[PDB]
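Participant: The structure that follows is given in the form of structure tokens.
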Amino acid sequence: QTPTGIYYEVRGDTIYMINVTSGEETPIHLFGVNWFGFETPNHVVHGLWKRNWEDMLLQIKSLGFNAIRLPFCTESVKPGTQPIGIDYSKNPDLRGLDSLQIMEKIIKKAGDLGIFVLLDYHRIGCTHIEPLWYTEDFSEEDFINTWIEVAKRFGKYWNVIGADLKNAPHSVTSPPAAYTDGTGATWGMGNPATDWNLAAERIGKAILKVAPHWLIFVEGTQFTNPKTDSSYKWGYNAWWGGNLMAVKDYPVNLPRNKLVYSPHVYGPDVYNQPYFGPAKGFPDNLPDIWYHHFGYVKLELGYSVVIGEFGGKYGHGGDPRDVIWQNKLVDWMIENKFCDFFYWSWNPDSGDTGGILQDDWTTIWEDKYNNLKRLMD
Ligand SMILES: OC[C@H]1O[C@@H](O[C@H]2[C@H](O)[C@@H](O)[C@H](O[C@H]3[C@H](O)[C@@H](O)[C@H](O[C@H]4[C@H](O)[C@@H](O)[C@H](O)O[C@@H]4CO)O[C@@H]3CO)O[C@@H]2CO)[C@H](O)[C@@H](O)[C@@H]1O
């Protein structure tokens, strides 16, 4: 049942932490941030050139977050990979430690602060997000074996809630072709080699044999099947990791009490979506978009839905409509009780979204955070 004494599960659409010994069951909310970098060529969370890593965790906790999503790539989780770009005068206790050991230090420290950690297999290599959970050089069995090894090691950390199986499944070509061409993820198409709903079952079973106490977070795709995507006017305009419209007819075949649907959703700073034009109904059009793409999965079907990524520059050097977009989304999440989330990102160095921290890696965008804060209250 569990190597830690803690078992995570979903009841209703709420995530529970169970102390299996005492029998105590606590419902948890995930007020989370993404702290990225283990999936990049640095092979470490970013900003350790400007900050101490512990100081960073303390500051995250001081802002009322109690959860971190930790993106990783294959390399960062194999021993002996060496981190690049760390100021060791600021980080003495990180000297002579590899990308895996830092990852472990960060999680144990987070746990010390009651912070939950979601492990995210973000990239297969360490440069970009592939549309599928395999490449020419890295097979699905290789991907599954990496997850098995991640799960054997990090399953011993009480505060690790589970596995975001693959960051942002998506297409690298357009429909109708994208559905049959074998280069991008699908859902409900039929082909188990591209259909993310079927691959998430395989990879998830594999993880649950070794970390039975974990949760399996399954993102949306970008396109699913033409019948599903055609069912809604904005069916062809979902985010990578964002399209959960096929959950109703093609549910992932996994234990309901272990599964979390985890959509990405973004504003005009990531992509100039047609429904972001006031002409196409922005911003009042947004509740119904979100509903159709992923909101109905919780609100109609009652599964647990955790928004794994959302964010934007909040009018700081980007599209000013992002302020309206972030306000409207928080309003909607509060009204509809989506209280579990990971903001993208803690890091200021996300080129299209910036982060909670400003470019100085020290100070927060007060207004962006203030708006986010309403969800924590
Ligand atoms: O990892 C560090 C890296 O992160 C970047 O932040 C990305 C996230 O890593 C990622 O999970 C997510 O990816 C975006 C992606 O960057 C966009 O190109 C893509 O745009 C899609 C859109 O989704 C579709 O609807 C549209 O049809 O096609 C476009 C592509 O043309 O959207 C996905 C998410 O849906 O979100 C983060 C923000 O982009 C930082 O930007 C980078 O600087 C960091 O190095």
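Identifiers for the structure tokens are assigned positionally: chains receive A, B, ... in sequence, residues are indexed from 1 per chain, and ligands are indexed from 1 in the order shown.
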Just list the residues in segment 155-342 of chain A DSSP gives alpha helix (DSSP H) on the backbone, as number ranges by chain.
Facilitator: A: 196-210, 226-229, 286-290, 296-299, 321-336
Participant: Put those residues in a file: N, CA and C atoms, as a compact mmCIF listing (two decimals), in the first residue's frame.
Facilitator:
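Output file part_26.txt is given in full below:
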```txt
# COMPACT_ATOMS: atom_id res chain seq x y z
N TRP A 196 -3.19 9.13 -26.53
CA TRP A 196 -2.68 9.41 -25.17
C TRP A 196 -3.54 8.78 -24.12
N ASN A 197 -4.86 8.69 -24.36
CA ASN A 197 -5.72 8.01 -23.36
C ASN A 197 -5.33 6.54 -23.07
N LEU A 198 -4.82 5.84 -24.10
CA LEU A 198 -4.38 4.45 -23.98
C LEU A 198 -2.96 4.39 -23.49
N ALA A 199 -2.06 5.23 -24.01
CA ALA A 199 -0.67 5.24 -23.45
C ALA A 199 -0.68 5.65 -21.94
N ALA A 200 -1.55 6.59 -21.55
CA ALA A 200 -1.49 7.03 -20.12
C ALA A 200 -1.87 5.80 -19.20
N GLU A 201 -2.77 4.93 -19.68
CA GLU A 201 -3.11 3.68 -18.97
C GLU A 201 -1.90 2.77 -18.79
N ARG A 202 -1.14 2.56 -19.86
CA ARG A 202 0.08 1.74 -19.81
C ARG A 202 1.14 2.28 -18.90
N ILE A 203 1.47 3.56 -19.09
CA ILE A 203 2.51 4.15 -18.29
C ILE A 203 2.06 4.22 -16.79
N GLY A 204 0.81 4.58 -16.56
CA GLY A 204 0.22 4.69 -15.20
C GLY A 204 0.21 3.35 -14.47
N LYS A 205 -0.21 2.26 -15.14
CA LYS A 205 -0.18 0.89 -14.51
C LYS A 205 1.21 0.55 -14.01
N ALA A 206 2.19 0.78 -14.88
CA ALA A 206 3.61 0.61 -14.61
C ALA A 206 4.09 1.36 -13.38
N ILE A 207 3.74 2.65 -13.30
CA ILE A 207 4.03 3.48 -12.11
C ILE A 207 3.32 2.95 -10.85
N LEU A 208 2.07 2.56 -10.97
CA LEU A 208 1.31 2.15 -9.79
C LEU A 208 1.73 0.78 -9.20
N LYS A 209 2.22 -0.14 -10.03
CA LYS A 209 2.91 -1.37 -9.54
C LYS A 209 4.08 -1.04 -8.61
N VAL A 210 4.79 0.06 -8.83
CA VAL A 210 5.91 0.39 -7.96
C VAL A 210 5.66 1.52 -6.92
N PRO A 226 -11.41 13.73 -34.76
CA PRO A 226 -12.16 14.83 -35.40
C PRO A 226 -13.59 14.95 -34.94
N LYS A 227 -14.18 13.86 -34.47
CA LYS A 227 -15.57 13.92 -34.11
C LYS A 227 -15.70 14.74 -32.81
N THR A 228 -14.70 14.55 -31.93
CA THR A 228 -14.70 15.24 -30.61
C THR A 228 -14.37 16.74 -30.80
N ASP A 229 -13.26 17.01 -31.47
CA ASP A 229 -12.81 18.39 -31.73
C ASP A 229 -13.83 19.19 -32.53
N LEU A 286 -14.83 33.37 -22.06
CA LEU A 286 -13.89 32.47 -21.43
C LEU A 286 -14.50 31.35 -20.54
N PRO A 287 -15.43 31.68 -19.61
CA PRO A 287 -15.97 30.53 -18.84
C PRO A 287 -16.40 29.32 -19.71
N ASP A 288 -17.06 29.62 -20.82
CA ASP A 288 -17.57 28.52 -21.63
C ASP A 288 -16.50 27.77 -22.43
N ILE A 289 -15.46 28.48 -22.88
CA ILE A 289 -14.26 27.83 -23.39
C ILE A 289 -13.62 26.81 -22.43
N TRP A 290 -13.29 27.30 -21.23
CA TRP A 290 -12.64 26.53 -20.18
C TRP A 290 -13.49 25.32 -19.82
N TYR A 296 -15.70 20.80 -17.55
CA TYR A 296 -16.78 19.79 -17.41
C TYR A 296 -16.29 18.47 -16.80
N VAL A 297 -14.98 18.20 -16.89
CA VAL A 297 -14.40 16.98 -16.37
C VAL A 297 -14.57 16.89 -14.82
N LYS A 298 -14.58 18.06 -14.19
CA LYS A 298 -14.81 18.10 -12.75
C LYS A 298 -16.27 18.38 -12.56
N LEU A 299 -16.78 19.41 -13.24
CA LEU A 299 -18.11 19.98 -12.95
C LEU A 299 -19.28 19.06 -13.40
N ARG A 321 -4.05 42.48 -22.22
CA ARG A 321 -5.22 41.60 -22.07
C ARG A 321 -4.94 40.40 -21.13
N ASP A 322 -3.67 40.15 -20.85
CA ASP A 322 -3.33 39.10 -19.93
C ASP A 322 -3.82 39.42 -18.53
N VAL A 323 -3.92 40.69 -18.14
CA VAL A 323 -4.39 41.01 -16.78
C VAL A 323 -5.85 40.61 -16.67
N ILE A 324 -6.64 41.01 -17.67
CA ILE A 324 -8.03 40.62 -17.75
C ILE A 324 -8.22 39.10 -17.79
N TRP A 325 -7.38 38.42 -18.57
CA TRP A 325 -7.38 36.93 -18.65
C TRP A 325 -7.06 36.27 -17.29
N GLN A 326 -5.97 36.66 -16.62
CA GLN A 326 -5.70 36.09 -15.31
C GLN A 326 -6.78 36.39 -14.26
N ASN A 327 -7.31 37.62 -14.24
CA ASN A 327 -8.42 37.93 -13.31
C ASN A 327 -9.64 37.04 -13.54
N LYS A 328 -10.03 36.94 -14.82
CA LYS A 328 -11.24 36.21 -15.19
C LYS A 328 -11.09 34.72 -14.85
N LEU A 329 -9.88 34.18 -15.02
CA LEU A 329 -9.62 32.74 -14.76
C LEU A 329 -9.66 32.46 -13.25
N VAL A 330 -9.06 33.33 -12.45
CA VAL A 330 -9.12 33.18 -10.99
C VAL A 330 -10.58 33.32 -10.47
N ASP A 331 -11.28 34.32 -10.96
CA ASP A 331 -12.71 34.46 -10.70
C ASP A 331 -13.41 33.15 -10.99
N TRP A 332 -13.15 32.58 -12.15
CA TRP A 332 -13.85 31.32 -12.55
C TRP A 332 -13.45 30.09 -11.70
N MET A 333 -12.17 30.01 -11.35
CA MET A 333 -11.68 28.91 -10.54
C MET A 333 -12.23 29.00 -9.13
N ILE A 334 -12.33 30.23 -8.63
CA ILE A 334 -12.91 30.43 -7.28
C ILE A 334 -14.42 30.04 -7.28
N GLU A 335 -15.18 30.54 -8.26
CA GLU A 335 -16.60 30.28 -8.38
C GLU A 335 -16.91 28.80 -8.54
N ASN A 336 -16.05 28.08 -9.30
CA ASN A 336 -16.31 26.68 -9.62
C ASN A 336 -15.52 25.69 -8.80
```
Participant: Go through the chains and note each residue within 9 Å of ligand 1, using only C-alpha atoms and all ligand atoms, then give the set as a PyMOL selection string.
Facilitator: chain A and resi 36-40+71+122-123+126-129+167-168+170-172+174+222+236-242+264-266+269-273+308-312+344-345+349-354
Participant: Write out as JSON, numbers by chain all residues of segment 92-255 of chain A that backbone DSSP assigns to strand (DSSP E or B).
Facilitator: {"A": [116, 117, 118, 119, 120, 121, 122, 123, 135, 138, 160, 161, 162, 163, 164, 186, 195, 215, 216, 217, 218, 221, 243]}
Participant: Have a look at A:118, A:33, A:134, A:267 and name the one nearest to residue 282 of chain A; count only C-alpha atoms.
Facilitator: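 Of A:118, A:33, A:134, A:267, the one nearest residue 282 of chain A is A:267, counting only C-alpha atoms.
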Participant: Using only C-alpha atoms, which protein or nucleic acid residues come within 10 Å of residue 320 of chain A? Drop anything in the same chain fewer than 6 positions from it, and give the result as a PDB file with N, CA and C atoms, in the first residue's frame.
Facilitator:
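What follows is the written file part22.pdb:
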```pdb
ATOM      1  N   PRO A 268      -3.198  35.324 -23.441  1.00  0.00           N
ATOM      2  CA  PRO A 268      -2.669  35.884 -24.733  1.00  0.00           C
ATOM      3  C   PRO A 268      -1.153  35.989 -24.795  1.00  0.00           C
ATOM      4  N   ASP A 269      -0.464  35.898 -23.664  1.00  0.00           N
ATOM      5  CA  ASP A 269       0.989  35.951 -23.731  1.00  0.00           C
ATOM      6  C   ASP A 269       1.661  34.704 -24.287  1.00  0.00           C
ATOM      7  N   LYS A 313       2.400  37.256 -18.330  1.00  0.00           N
ATOM      8  CA  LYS A 313       3.154  38.446 -17.833  1.00  0.00           C
ATOM      9  C   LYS A 313       2.300  39.464 -17.076  1.00  0.00           C
ATOM     10  N   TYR A 314       0.959  39.351 -17.112  1.00  0.00           N
ATOM     11  CA  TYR A 314       0.099  40.199 -16.285  1.00  0.00           C
ATOM     12  C   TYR A 314       0.345  41.703 -16.538  1.00  0.00           C
TER      13      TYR A 314
END
```
Participant: Using only C-alpha atoms, which residues sit within 6 Å of residue 83 of chain A once same-chain residues fewer than 2 positions away are excluded, as a count of residues only?
Facilitator: 4
Participant: As an exercise, work out the distance from atom CA of residue 143 of chain A to atom CA of residue 100 of chain A in Å and give it to one decimal place.
Facilitator: 17.4 Å
Participant: Would you mind reading off the distance between atom CA of residue 317 of chain A and atom CA of residue 368 of chain A, one decimal, in Å?
Facilitator: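 Interatomic distance, atom CA of residue 317 of chain A to atom CA of residue 368 of chain A: 12.7 Å.
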Participant: Under the rule that only C-alpha atoms are counted, which of A:179, A:35, A:8, A:223 is the nearest residue to residue 346 of chain A?
Facilitator: A:35
Participant: Nearest to residue 160 of chain A among A:4, A:78, A:193, A:246, with distances taken over only C-alpha atoms: which residue is it?
Facilitator: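 Counting only C-alpha atoms, the residue closest to residue 160 of chain A is A:4.
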Participant: Pick from A:247, A:260, A:372, A:357: nearest to residue 65 of chain A, with only C-alpha atoms counted?
Facilitator: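 Among A:247, A:260, A:372, A:357, it is A:372 that comes nearest to residue 65 of chain A.
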Participant: So how many Å separate atom CA of residue 81 of chain A and atom CA of residue 98 of chain A, to one decimal?
Facilitator: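 Between atom CA of residue 81 of chain A and atom CA of residue 98 of chain A the gap is 5.8 Å.
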Participant: For each of A:30, A:124, A:45, A:102, take the minimum atom-to-atom distance to residue 146 of chain A, counting only C-alpha atoms, then give the residue where this is smallest.
Facilitator: A:124
Participant: Find the spatial neighbours of residue 165 of chain A, counting only C-alpha atoms, within a cut-off of 7 Å - ignore same-chain residues fewer than 5 positions away - and output them as a short mmCIF file (atom, residue, chain, number, x, y, z; two decimals) with N, CA, C and O atoms, in the first residue's frame.
Facilitator:
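Here's the written file out.cif:
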```cif
data_model
loop_
_atom_site.label_atom_id
_atom_site.label_comp_id
_atom_site.auth_asym_id
_atom_site.auth_seq_id
_atom_site.Cartn_x
_atom_site.Cartn_y
_atom_site.Cartn_z
N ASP A 120 7.09 15.93 -12.75
CA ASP A 120 6.61 16.15 -14.11
C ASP A 120 7.69 15.73 -15.12
O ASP A 120 8.76 16.33 -15.20
N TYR A 121 7.41 14.68 -15.86
CA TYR A 121 8.31 14.24 -16.95
C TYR A 121 8.04 15.17 -18.16
O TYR A 121 7.22 14.92 -19.02
N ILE A 216 -1.76 9.58 -10.30
CA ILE A 216 -1.35 9.65 -11.75
C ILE A 216 -2.06 10.84 -12.34
O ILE A 216 -3.28 10.83 -12.47
N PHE A 217 -1.29 11.88 -12.67
CA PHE A 217 -1.84 13.10 -13.29
C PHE A 217 -1.72 12.98 -14.80
O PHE A 217 -0.62 12.82 -15.31
N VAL A 218 -2.81 13.07 -15.49
CA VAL A 218 -2.86 12.87 -16.95
C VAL A 218 -3.31 14.18 -17.60
O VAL A 218 -4.41 14.63 -17.39
#
```
Participant: Could you check the closest approach to residue 293 of chain A for each of A:261, A:154, A:234, A:214 and tell me which residue wins, using only C-alpha atoms?
Facilitator: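 Comparing A:261, A:154, A:234, A:214 against residue 293 of chain A, the winner is A:234.
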